[PDB]
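Here are the chains, one letter per residue:
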Amino acid sequence: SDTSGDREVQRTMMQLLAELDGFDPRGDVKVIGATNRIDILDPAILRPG
Amino acid sequence: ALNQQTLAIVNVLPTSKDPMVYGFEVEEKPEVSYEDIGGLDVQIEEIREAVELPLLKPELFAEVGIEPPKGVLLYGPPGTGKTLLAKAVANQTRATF
Amino acid sequence: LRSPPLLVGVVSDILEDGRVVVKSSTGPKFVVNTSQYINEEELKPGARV
Amino acid sequence: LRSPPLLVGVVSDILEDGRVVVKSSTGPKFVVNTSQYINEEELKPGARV
Ligand SMILES: Nc1ncnc2c1ncn2[C@@H]1O[C@H](COP(=O)(O)OP(=O)(O)OP(=O)(O)O)[C@@H](O)[C@H]1O
Ligand SMILES: [Mg+2]
């Protein structure tokens, strides 16, 4: 809290958690996510469902 | 609504504000419904007492002489669930979700 | 080329008077009347039209 | 209803030469000369007209 370089990127992250799979159905996504480490990623991307 | 030609007062509209996707979405139907009530079953119930119970049985709250809760704050670690929960409970009431 | 342009705007609300309130990109909001190629199923509030 | 829309201005400035600068609600200001119904005695600043 009380930053803008690591606050603002967290309220668009909170949007994502929650759009990628959230409220909305299904469709045909199947979102291919790609990353270099899982050691500095949010635990919601890390988990399945 | 006004005639643009001459700015005549044609017929008074609806005040309807500006809800586009904003409020219009009502979904509560499957995948998540009231056959997905497998939980975490006390946690779902708590929601029912708070929410469905004053909707469906609003009079019990008079008898006792309280108000019903103002909200059910669900939180937790992600995926465990709270998208779950909220949508099943909504489907059972069938109101303006 | 001389055929006219058609104005894109986004549906603010749906009126139950056979009319649609569309908030145009112009700036004003216009009350407009449907045609035979318009139906409620394909309209939503958020509908570019 | 058909009547020419009588636009609202607010007597933003005034002069003793007949001219009264009315900030119109369109955006800009106009300098207009008042009729014989309304008089410069009736026109004070803050007066919507
Ligand atoms: N108890 C449950 N049984 C089965 N499926 C579940 C259960 N809890 C959650 N799910 C499902 O797991 C998937 C992923 O979790 P979801 O993103 O919905 O959860 P959350 O805890 O509300 O999240 P966030 O913190 O990411 O906003 C969904 O399809 C959801 O319906
Ligand atoms: Mg969630």
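Residues numbered from 1 in each chain as written, not as in the entry; some residues may be left out. Chains lettered and ligands numbered in written order. Part of a larger assembly, values for the part shown. Heavy atoms only, no water.

Structure determination for this entry, per the PDB record, employed cryo-EM and reached 7.04 Å resolution.

(A) Up close: the overall build of chain B. Looking only at helices and strands, chain B has five helices and two strands in total. Starting at the N terminus and ending at the C terminus, chain B contains elements arranged as β-β-α-α-α-α-α. In terms of overall dimensions, chain B has C-alpha extents of about 65 × 40 × 25 Å along its principal axes. Burial status across chain B gives 21% buried among its 97 residues. Of all intrachain contacts in chain B linking residues separated by at least 6 positions in sequence, the fraction that spans at least 24 positions is 57%. Within the structure as shown, chain B displays about 7,200 Å² of accessible surface, and the carbon and sulfur contribution to it stands at 58%. Charged side chains in chain B number 8 positive and 15 negative. The centres of these two groups are separated by 4 Å. (Helix = DSSP H or I, 4+ residues; strand = E, 2+ residues; numbered from the N terminus. Buried < 20%, exposed > 50% of the residue type's maximum accessible area, 1.4 Å probe, protein only. Contact = heavy atoms within 4.5 Å. Areas by Shrake-Rupley, 256 points an atom, 1.4 Å probe, with all protein chains shown as cover. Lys, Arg positive; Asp, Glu negative; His and termini not counted. Charge placed at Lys NZ, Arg CZ, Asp CG, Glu CD.)

(B) Representation of the site of ligand 1. Around ligand 1, the neighbouring residues are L17, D21, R47 and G49 of chain A together with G38, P78, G79, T80, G81, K82, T83 and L84 of chain B. Neighbouring residues of ligand 1 are not confined to one chain but are distributed across chains A and B. Separating an oxygen atom of ligand 1 from a side-chain N or O atom of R47 of chain A is a distance of 3.0 Å. A distance of 3.2 Å separates an oxygen atom of ligand 1 from a polar backbone atom of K82 of chain B. Protein contact buries 73% of the 650 Å² of open area that ligand 1 shows by itself. Here the residues of the shell around ligand 1 sort into three nonpolar, six polar and three charged. (Near = heavy atom within 4 Å. Polar contact = N/O pair within 3.5 Å; in protein donor to acceptor, adjacent residues only side chain to side chain. Nonpolar A, V, L, I, M, F, W, Y, C, P; charged D, E, K, R; others polar.)

(C) Highlighting the side chain of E28 of chain B. All names here are of chain B. Counting through the fold element by element, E28 comes out in the loop between α1 (21-24) and α2 (41-50). The charged side chain of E28 is buried without a salt bridge, its nearest counter-charge being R94 at 5.5 Å. With residues up to four places along the chain from it excluded, the contact list for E28 reads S33, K87, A90, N91, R94, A95 and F97. (Salt bridge = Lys/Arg side-chain N within 4 Å of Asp/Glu carboxyl O.)

(D) Broad picture of the pairing of strand β1 (residues 9-14) of chain D. All names here are of chain D. Bridging between β1 and strand β2 (residues 19-24) involves five bridges; their strand directions are antiparallel. Bridging from a neighbouring strand, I14 pairs with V20 of β2. Taking the residues that link successive antiparallel strands as the turn, the β1-β2 hairpin has four residues, and the phi of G18 there is positive, at about 110°. (Pairing = 2+ DSSP bridges.)

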